[PDB]
K.L.:
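Here it is: the structure, laid out below.
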Amino acid sequence: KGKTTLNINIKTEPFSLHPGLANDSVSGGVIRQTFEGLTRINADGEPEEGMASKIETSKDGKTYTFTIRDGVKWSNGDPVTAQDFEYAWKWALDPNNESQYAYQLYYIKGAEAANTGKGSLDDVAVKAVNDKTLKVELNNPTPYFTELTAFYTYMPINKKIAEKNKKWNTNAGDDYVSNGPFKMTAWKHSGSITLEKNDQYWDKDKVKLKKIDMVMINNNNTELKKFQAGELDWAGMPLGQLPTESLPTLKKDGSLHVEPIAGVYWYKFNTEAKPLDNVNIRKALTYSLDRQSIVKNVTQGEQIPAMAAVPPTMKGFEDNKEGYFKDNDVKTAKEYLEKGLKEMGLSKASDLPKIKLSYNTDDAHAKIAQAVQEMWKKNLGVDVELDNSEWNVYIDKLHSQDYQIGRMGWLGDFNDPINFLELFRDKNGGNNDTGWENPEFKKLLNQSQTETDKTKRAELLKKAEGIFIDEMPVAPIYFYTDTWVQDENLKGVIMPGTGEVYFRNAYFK
Amino acid sequence: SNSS
């Protein structure tokens, strides 16, 4: 009875379908169906055995021994080996490959040194001891390492093919092979992606869908129309997006799903571009936002105002609902503005250098940017000009620091607060892009990773978070929800609360 | 990860 094709929207072309380069929710939406790591995420939101059938940990918690599952194969039928993992991780750490997620592998001994030119890749402590054994040594006991091994930077890639064709990842075809529940059988760039069930997947009997058809419709009204005609089985997040004005009606008819997730919506400042190089200007722009108005009137998705970096759903950080400063604090915003102008020798806001606010082309981002533009004009007398870019282009714009203020969202990679902080540890961190670094911040993050006590560790990270908010390299705006509607016959979808979605075991009733 |  239940159909076996799932029709969904992913809005736009992914940034990369190389797991070692992907850094974004669009790419990740695809790669989380097509690749599998040493571990995978089960329905309870916890890591479990995936490509590794056994995971051993040394007594000190630093050395991991993965036994590769008997008979695991790539989609072309070749065995998945430990050398595929070694190759992939070293590939992501090789500075020549310019992964923005190389820092995700710094947990491994020798990784940072290799990535920053202070060491050989040969001395990164990931080793295929044999075809079925991967040995990994960490700098510190990392209790969430098996969450990291399910993260897409830690996916294997087919070493044989990647050596043959260094552009293997750029198109569907015989040189694009993967090891997950689904495999990618078509990719029309900027059009659509077709995934089909992967008959070489080890746990294929648990996979019920035969086809996932992913379209790329960046018009939220159209996505909802297609859903309402039954041409899509889902409308909304994580991979699609509902029109903000539909949310009242859908909430009222009882069809809307709304779930808080570990994510934050912020405007990044290029702290090396005037006038955003002045902390008082950054603070004026941040304190002058009315986040309650944005979430009530603009987004309408039950998001909560963010005056902090770490989402309050992170155990130990629930007081971030209140945050580090007052929402809509125009009085204090104006005080910061005056202080900044004085430091420049200026008297009025209109004499500041021109400011551009950038975002990725999107119905909702444009509305938020317009609302913020008005708040800046009205509360500070600051005029900004707006510009928008395609998502995959936009990521590179921010990474190259070709911006002044840039909208971004960050979703948790793993269930620990440091994931919201360590992207800003190093100036040249692949996902930083603010030009900011602070020596005490970095010291505190590094100390956090040697502390096993959860209280003392949470306090080190809260101190770090306070330093970050005091230097305001980004303007927090809101903490995310996922909002969607779906065919209620679609069961078995895994949505862990970090904002990802897995269709591995999904089915129509 | 960066959210679209």
Side-chain angles (χ1 to χ4, degrees), chain A residues 14-28 30-32 34-40 50-52 64 66 74 80-128 134-139 142 144-170 175-180 392 395-396 399 413-414 419 422-423 425-426 428-433 500, chain B residues 1-2:
Chain A
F15 177 74
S16 182
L17 301 182
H18 191 128
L21 291 183
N23 69 357
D24 66 299
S25 60
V26 182
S27 307
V30 182
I31 296 159
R32 282 163 180 141
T34 56
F35 289 76
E36 182 170 291
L38 293 166
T39 55
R40 68 183 186 182
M51 286 292 111
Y64 280 75
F66 298 91
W74 296 97
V80 177
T81 68
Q83 291 83 348
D84 291 317
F85 286 87
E86 185 183 343
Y87 182 76
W89 303 0
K90 291 182 181 178
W91 190 92
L93 288 166
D94 182 345
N96 292 343
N97 300 142
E98 288 179 344
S99 178
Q100 294 184 225
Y101 257 127
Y103 73 98
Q104 202 83 130
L105 286 154
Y106 284 8
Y107 286 93
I108 300 171
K109 178 174 201 196
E112 177 167 3
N115 184 63
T116 63
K118 291 177 150 57
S120 182
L121 283 165
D122 286 11
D123 298 316
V124 178
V126 56
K127 178 62 182 175
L134 193 74
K135 194 167 157 192
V136 183
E137 188 179 342
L138 303 187
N139 295 130
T142 303
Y144 53 83
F145 190 58
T146 62
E147 293 179 47
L148 281 157
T149 61
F151 185 69
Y152 49 65
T153 321
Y154 286 73
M155 290 303 100
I157 69 185
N158 186 298
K159 172 180 176 184
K160 182 183 173 177
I161 296 174
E163 277 297 292
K164 173 186 81 186
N165 184 354
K166 317 234 166 206
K167 299 162 175 161
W168 64 275
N169 57 285
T170 60
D175 284 350
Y176 196 107
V177 314
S178 71
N179 69 324
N392 60 1
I395 290 165
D396 273 322
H399 187 57
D413 300 335
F414 54 79
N419 184 58
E422 69 177 337
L423 72 166
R425 176 177 63 231
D426 295 297
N428 279 57
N431 292 135
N432 182 339
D433 302 341
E500 327 100 284
Chain B
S1 70
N2 292 314

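Protein chains get the first letters and strands the later ones, always in sequence-line order, with residue 1 at the start of each.
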K.L.:
For the pair A/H399 (side chain) and A/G430 (backbone), establish whether a donor and an acceptor sit closer than 3.5 Å, ignoring hydrogens and angles.
P.N.:
yes
K.L.:
Going by heavy atoms in the side chains, are A/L38 and A/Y64 under 4.5 Å from each other?
P.N.:
no
K.L.:
How long is the span from the CG atom in A/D24 to the CG atom in A/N392, to the nearest 0.5 Å?
P.N.:
8.5 Å
K.L.:
Closest heavy-atom contact between A/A102 and A/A92?
P.N.:
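A/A102 and A/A92 have their closest heavy atoms at CB-O, 3.4 Å.
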K.L.:
If you round to the nearest 0.5 Å, how far is CG of A/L105 from CZ of A/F151?
P.N.:
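Between A/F151 CZ and A/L105 CG, I get 10.0 Å after rounding to 0.5 Å.
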K.L.:
To the nearest 0.5 Å, what is the distance between NZ on A/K164 and NZ on A/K166?
P.N.:
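Reported to 0.5 Å precision, the distance equals 13.0 Å.
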K.L.:
Let me confirm one number: the NE2-CG distance from A/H18 to A/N97, rounded to the nearest 0.5 Å.
P.N.:
7.5 Å
K.L.:
Might you point out which heavy atoms bring A/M155 and A/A88 nearest each other, and give the distance in Å?
P.N.:
O-CB, 3.3 Å
K.L.:
Which atom names give the shortest non-hydrogen contact between A/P156 and A/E36, and what distance separates them?
P.N.:
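Taking every non-hydrogen atom into account, CD-O, 3.2 Å.
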K.L.:
Which pairs of donor and acceptor atoms, one on a side chain in residues 108-122 of chain A, lie under 3.5 Å apart (sequence neighbours left out)?
P.N.:
unit_1	atom_1	unit_2	atom_2	d
A/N115	ND2	A/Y106	OH	2.6
A/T116	OG1	A/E112	O	2.8
A/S120	OG	A/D122	N	3.1

K.L.:
Test of understanding: with side-chain contact (heavy atoms from CB on, under 4.5 Å), list the residues that count as partners of A/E86, not counting sequence neighbours.
P.N.:
A/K90, A/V126, A/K127, A/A128, A/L134
K.L.:
For residues A/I157 and A/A162, report the shortest heavy-atom separation together with the two atoms involved.
P.N.:
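The pair with the smallest heavy-atom distance is CD1-CB, 4.1 Å.
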K.L.:
Under 3.5 Å, is there a donor on one side chain and an acceptor on the other for A/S16 and A/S27?
P.N.:
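No, because no side-chain N or O of A/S16 sits under 3.5 Å from a partner of the opposite role on A/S27.
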K.L.:
How many angstroms lie between OG1 in A/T81 and NZ in A/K160, if you round to the nearest 0.5 Å?
P.N.:
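Output value for this atom pair is 11.5 Å.
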K.L.:
Relative to the ring of A/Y107, is the ring of A/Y144 parallel (under 30°), tilted (30 to 60°) or perpendicular (over 60°)?
P.N.:
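Correct class here is perpendicular.
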K.L.:
Does some side-chain heavy atom of A/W74 sit less than 4.5 Å from a side-chain heavy atom of A/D84?
P.N.:
yes
K.L.:
Applying side-chain contact (heavy atoms from CB on, under 4.5 Å), name anything that partners A/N432, two or more places apart in sequence or on another chain.
P.N.:
A/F424, A/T434
K.L.:
Distance from A/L423 atom CG to A/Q100 atom CD, nearest 0.5 Å?
P.N.:
11.0 Å
K.L.:
Counting C-beta onward and ignoring hydrogens, is there a side-chain heavy-atom pair between A/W168 and A/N158 closer than 4.5 Å?
P.N.:
no
K.L.:
Does any N or O in the side chain of A/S178 come within less than 3.5 Å of the main-chain N or O of A/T34, such that one atom is a donor and the other an acceptor?
P.N.:
yes
K.L.:
Side-chain contact, heavy-atom cut-off 4.5 Å: A/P19 with A/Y154?
P.N.:
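Side-chain contact under 4.5 Å: no.
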K.L.:
Using side-chain heavy atoms (C-beta onward) and a distance below 4.5 Å, is A/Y152 in contact with A/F35?
P.N.:
no
K.L.:
Which heavy atom of A/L148 sits nearest a heavy atom of A/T142, and at what distance?
P.N.:
CD1-CG2, 4.3 Å
K.L.:
Could you check whether the rings of A/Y101 and A/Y103 sit parallel, tilted or perpendicular, using 30° and 60° as the cut-offs?
P.N.:
parallel
K.L.:
So which heavy atom on A/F66 is nearest to which on A/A52, and how close?
P.N.:
CD2-CB, 3.9 Å
K.L.:
If we only count heavy atoms from C-beta on, is the A/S25 to B/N2 side-chain gap below 4.5 Å?
P.N.:
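Side-chain contact under 4.5 Å: no.
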K.L.:
Is the closest side-chain heavy-atom distance between A/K159 and A/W91 below 4.5 Å?
P.N.:
no
K.L.:
Decide side chain to side chain contact (heavy atoms under 4.5 Å, CB included) for A/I161 and A/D175; before the verdict, give the C-alpha distance in whole Å, the side-chain angles of both, and the deciding distance to 0.1 Å.
P.N.:
CA-CA 6 Å; A/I161 296 174; A/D175 284 350; 3.9 Å; yes
K.L.:
Does A/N431 reach the side chain of A/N23, with side-chain heavy atoms less than 4.5 Å apart?
P.N.:
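Heavy-atom side-chain distance check passes, below 4.5 Å.
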K.L.:
For the pair A/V136 and A/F145, evaluate side chain to side chain contact (heavy atoms under 4.5 Å, CB included) and give the outcome as yes or no after the intermediate values.
P.N.:
CA-CA 11 Å; A/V136 183; A/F145 190 58; 4.0 Å; yes
K.L.:
Take A/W89 and A/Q104 through the side chain to side chain contact (heavy atoms under 4.5 Å, CB included) test and state the conclusion after the steps.
P.N.:
CA-CA 10 Å; A/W89 303 0; A/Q104 202 83 130; over 6 Å; no
